[PDB]
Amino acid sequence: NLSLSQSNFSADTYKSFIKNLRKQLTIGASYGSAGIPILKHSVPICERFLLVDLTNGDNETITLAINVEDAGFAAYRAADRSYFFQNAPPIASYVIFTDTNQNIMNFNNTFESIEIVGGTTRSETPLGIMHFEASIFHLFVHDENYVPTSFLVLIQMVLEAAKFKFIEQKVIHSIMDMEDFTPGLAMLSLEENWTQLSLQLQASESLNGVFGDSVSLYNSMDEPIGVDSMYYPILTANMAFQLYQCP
């Protein structure tokens, strides 16, 4: 499996991991005018999951199962235990981590659900190397007080970073500055709109690259930038891949 370890966790190794994660996810991707790969859709459940290993500073490893259709965590394994999101595809338990003791977590893999169960938002949750390491630890032992927040950390540092070069670069900046950060409007506006940006880019084929609806992406000065077309570098050199939406 593709993996990242605390033994060798640098700006370079993080970048390589995210780079290869995008590659695996975009196998068999379709492409439009924008030339941003669109993820696979209608994937048979047997091939719908991509396994990624993360290893903490205790050399204990979790394996996360990423759904290749939407780049979200469906489940994870730690040793002989596994844990499924409440909205994982129902047949997934017959395909992944079958030789383990399977549990269903009390919430969905969306930020909205995780924040409600965690009682804590992405805006208040620091990201960085220690928080990455700590989250793998909390998931490995499955300490329920920390599971939700650990997912906020890892969904963002792995999946949102994969989805967006701007987010990858925030993490790189924290790694080599050794300085934690909490996501601001720039980062959260990206996370929030990945699906809408997918729909609009794909819909824009019929309107010369112009969107049906404008999307507000914030810059690092907290100014909103209306992206109503594919002609914005903050979108088209940022979003690494899209959710399938339109034929």
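One rule holds for the numbers: they count along the sequence shown, beginning at 1.
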property	result
160 to 168 set against 115 to 123, stretch whose average Cα temperature factor tops the other in the entry	115 to 123
Of 186 to 194 and 56 to 64, the one with larger mean CA B-factor	56 to 64
Criterion, highest CA B-factor; candidates, 216, 42, 200, 219	42
CA B-factor placement of residue 98, once the chain's modelled residues are sorted into thirds	highest
Ranked C-alpha temperature factor of residue 178 among modelled chain residues, by third	highest
Record-listed C-alpha B factor of residue 46: chain third	highest
CA B-factor ranking of residue 135, expressed as a third of its chain	lowest
Cα B factor band for residue 110 (lowest, middle or highest third within the chain)	middle
